[PDB]
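Notes follow the structure.
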Amino acid sequence: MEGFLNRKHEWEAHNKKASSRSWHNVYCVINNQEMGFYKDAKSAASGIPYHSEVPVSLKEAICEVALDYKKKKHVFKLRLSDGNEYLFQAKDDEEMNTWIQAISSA
């Protein structure tokens, strides 16, 4: 269960709603109550640190759907039980549903 996803940090740096609000295209790799953020399938395979926190916890993750987030259509609000809050944009409903279903299995 790996693939590319658009990631927007709602809260990621203590302050009210983070210091940045960028829409970063990252490669998400699902793991047992964890998720890895890499550059691509090759970066995830070799284990290259694409960011600071690469192996994030997906333990007791809460997920909500955002079918109309301004200019973004198939988006979902994913909040980890680690304080971290992110918005994930998929390419289609089938992908979004598969992502949420996989995350819900953690």
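Labeling convention for the structure tokens: chains A, B, ... as they appear, residues from 1 per chain, ligands from 1 in order of appearance.
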
If you run DSSP on the backbone, which residues of chain A are strand (DSSP E), as a VMD selection string? chain A and resid 2 to 11 23 to 31 34 to 38 55 to 57 62 to 66 75 to 79 85 to 89

The selected residues should be written to file as a tab-separated table (two decimals), in the first residue's frame (atoms: N, CA and C atoms).
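What ended up in selection.tsv:
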```tsv
chain	number	residue	atom	x	y	z
A	2	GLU	N	1.40	1.60	-1.18
A	2	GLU	CA	2.27	2.77	-1.35
A	2	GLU	C	1.86	3.52	-2.62
A	3	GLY	N	2.20	4.80	-2.69
A	3	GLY	CA	1.86	5.62	-3.85
A	3	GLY	C	2.07	7.11	-3.57
A	4	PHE	N	1.90	7.93	-4.61
A	4	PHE	CA	2.05	9.38	-4.50
A	4	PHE	C	0.77	10.01	-3.96
A	5	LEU	N	0.94	11.08	-3.19
A	5	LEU	CA	-0.17	11.80	-2.58
A	5	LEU	C	0.21	13.27	-2.37
A	6	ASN	N	-0.77	14.16	-2.49
A	6	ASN	CA	-0.55	15.60	-2.24
A	6	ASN	C	-0.75	15.81	-0.75
A	7	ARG	N	0.23	16.39	-0.07
A	7	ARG	CA	0.18	16.58	1.38
A	7	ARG	C	0.27	18.06	1.77
A	8	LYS	N	-0.70	18.50	2.58
A	8	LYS	CA	-0.75	19.87	3.10
A	8	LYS	C	-0.79	19.79	4.62
A	9	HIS	N	0.16	20.44	5.28
A	9	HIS	CA	0.24	20.42	6.75
A	9	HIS	C	-0.63	21.52	7.37
A	10	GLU	N	-1.70	21.09	8.05
A	10	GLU	CA	-2.63	22.01	8.72
A	10	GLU	C	-2.00	22.49	10.03
A	11	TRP	N	-1.34	21.56	10.71
A	11	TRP	CA	-0.64	21.83	11.96
A	11	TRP	C	0.59	20.92	12.01
A	23	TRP	N	1.51	22.74	-0.45
A	23	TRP	CA	0.92	21.51	-0.99
A	23	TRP	C	2.06	20.71	-1.61
A	24	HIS	N	2.66	19.84	-0.81
A	24	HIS	CA	3.81	19.04	-1.21
A	24	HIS	C	3.40	17.67	-1.78
A	25	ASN	N	3.94	17.35	-2.96
A	25	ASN	CA	3.69	16.07	-3.62
A	25	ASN	C	4.73	15.06	-3.09
A	26	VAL	N	4.31	14.22	-2.14
A	26	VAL	CA	5.20	13.24	-1.51
A	26	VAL	C	4.72	11.81	-1.75
A	27	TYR	N	5.63	10.85	-1.56
A	27	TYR	CA	5.34	9.42	-1.72
A	27	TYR	C	5.04	8.83	-0.34
A	28	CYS	N	3.82	8.34	-0.15
A	28	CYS	CA	3.39	7.77	1.13
A	28	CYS	C	3.46	6.24	1.10
A	29	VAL	N	4.13	5.67	2.11
A	29	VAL	CA	4.28	4.22	2.26
A	29	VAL	C	3.63	3.80	3.58
A	30	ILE	N	2.59	2.98	3.53
A	30	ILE	CA	1.89	2.53	4.74
A	30	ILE	C	2.65	1.39	5.42
A	31	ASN	N	2.63	1.40	6.75
A	31	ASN	CA	3.28	0.38	7.58
A	31	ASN	C	2.38	0.08	8.79
A	34	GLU	N	2.07	2.91	11.16
A	34	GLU	CA	3.10	3.88	10.79
A	34	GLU	C	2.97	4.22	9.31
A	35	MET	N	3.56	5.33	8.90
A	35	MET	CA	3.55	5.77	7.52
A	35	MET	C	4.88	6.44	7.20
A	36	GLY	N	5.43	6.15	6.03
A	36	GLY	CA	6.71	6.71	5.60
A	36	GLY	C	6.52	7.74	4.48
A	37	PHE	N	7.18	8.88	4.63
A	37	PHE	CA	7.12	9.97	3.64
A	37	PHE	C	8.45	10.04	2.88
A	38	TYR	N	8.45	9.55	1.64
A	38	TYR	CA	9.66	9.54	0.80
A	38	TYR	C	9.45	10.32	-0.50
A	55	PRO	N	9.54	8.35	9.31
A	55	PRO	CA	8.62	7.33	9.82
A	55	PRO	C	7.66	7.91	10.87
A	56	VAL	N	6.47	8.31	10.42
A	56	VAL	CA	5.45	8.89	11.29
A	56	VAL	C	4.48	7.79	11.76
A	57	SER	N	3.87	8.00	12.93
A	57	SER	CA	2.94	7.03	13.52
A	57	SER	C	1.53	7.18	12.94
A	62	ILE	N	-7.44	9.32	12.66
A	62	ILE	CA	-8.80	9.77	12.37
A	62	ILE	C	-8.80	10.34	10.95
A	63	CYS	N	-9.78	9.95	10.15
A	63	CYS	CA	-9.86	10.41	8.76
A	63	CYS	C	-11.25	10.95	8.41
A	64	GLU	N	-11.26	12.08	7.72
A	64	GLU	CA	-12.49	12.74	7.27
A	64	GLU	C	-12.38	13.02	5.77
A	65	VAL	N	-13.50	13.12	5.07
A	65	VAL	CA	-13.50	13.36	3.62
A	65	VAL	C	-13.73	14.84	3.30
A	66	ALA	N	-12.99	15.33	2.30
A	66	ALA	CA	-13.07	16.71	1.81
A	66	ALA	C	-13.27	16.66	0.29
A	75	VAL	N	-10.02	15.19	-1.70
A	75	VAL	CA	-9.11	15.38	-0.57
A	75	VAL	C	-9.70	14.73	0.69
A	76	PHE	N	-8.84	14.41	1.65
A	76	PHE	CA	-9.27	13.82	2.91
A	76	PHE	C	-8.39	14.36	4.04
A	77	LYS	N	-9.04	14.70	5.15
A	77	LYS	CA	-8.36	15.25	6.33
A	77	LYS	C	-7.96	14.11	7.25
A	78	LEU	N	-6.65	13.88	7.35
A	78	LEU	CA	-6.09	12.80	8.17
A	78	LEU	C	-5.35	13.37	9.38
A	79	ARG	N	-5.79	12.99	10.57
A	79	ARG	CA	-5.16	13.42	11.82
A	79	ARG	C	-4.62	12.19	12.54
A	85	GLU	N	-1.41	17.04	12.03
A	85	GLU	CA	-2.62	17.16	11.20
A	85	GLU	C	-2.23	17.46	9.74
A	86	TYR	N	-2.76	16.67	8.79
A	86	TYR	CA	-2.45	16.86	7.36
A	86	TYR	C	-3.70	16.67	6.47
A	87	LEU	N	-3.65	17.28	5.27
A	87	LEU	CA	-4.70	17.15	4.25
A	87	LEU	C	-4.09	16.35	3.10
A	88	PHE	N	-4.73	15.25	2.71
A	88	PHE	CA	-4.21	14.40	1.62
A	88	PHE	C	-5.13	14.46	0.40
A	89	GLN	N	-4.57	14.85	-0.75
A	89	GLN	CA	-5.33	14.94	-2.00
A	89	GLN	C	-5.00	13.76	-2.91
```

Based on DSSP run over this structure's backbone, return all residues of segment 21-85 of chain A in helix (DSSP H, G or I), as number ranges by chain. A: 41-46

With N, CA and C atoms retained, write the just-selected residues as a PDB file, in the first residue's frame.
```
ATOM      1  N   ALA A  41       8.959   5.738  -5.106  1.00  0.00           N
ATOM      2  CA  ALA A  41       9.038   4.292  -4.830  1.00  0.00           C
ATOM      3  C   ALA A  41      10.492   3.839  -4.629  1.00  0.00           C
ATOM      4  N   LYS A  42      11.421   4.433  -5.384  1.00  0.00           N
ATOM      5  CA  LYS A  42      12.845   4.095  -5.275  1.00  0.00           C
ATOM      6  C   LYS A  42      13.426   4.662  -3.973  1.00  0.00           C
ATOM      7  N   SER A  43      13.054   5.907  -3.646  1.00  0.00           N
ATOM      8  CA  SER A  43      13.501   6.572  -2.414  1.00  0.00           C
ATOM      9  C   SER A  43      13.018   5.786  -1.179  1.00  0.00           C
ATOM     10  N   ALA A  44      11.781   5.286  -1.252  1.00  0.00           N
ATOM     11  CA  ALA A  44      11.174   4.501  -0.169  1.00  0.00           C
ATOM     12  C   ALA A  44      11.840   3.126  -0.035  1.00  0.00           C
ATOM     13  N   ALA A  45      12.256   2.553  -1.169  1.00  0.00           N
ATOM     14  CA  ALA A  45      12.907   1.237  -1.195  1.00  0.00           C
ATOM     15  C   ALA A  45      14.311   1.301  -0.582  1.00  0.00           C
ATOM     16  N   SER A  46      15.104   2.289  -1.002  1.00  0.00           N
ATOM     17  CA  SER A  46      16.474   2.464  -0.497  1.00  0.00           C
ATOM     18  C   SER A  46      16.474   2.984   0.950  1.00  0.00           C
TER      19      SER A  46
END
```

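The space separating atom CA of residue 59 of chain A from atom CA of residue 33 of chain A comes to 4.6 Å.
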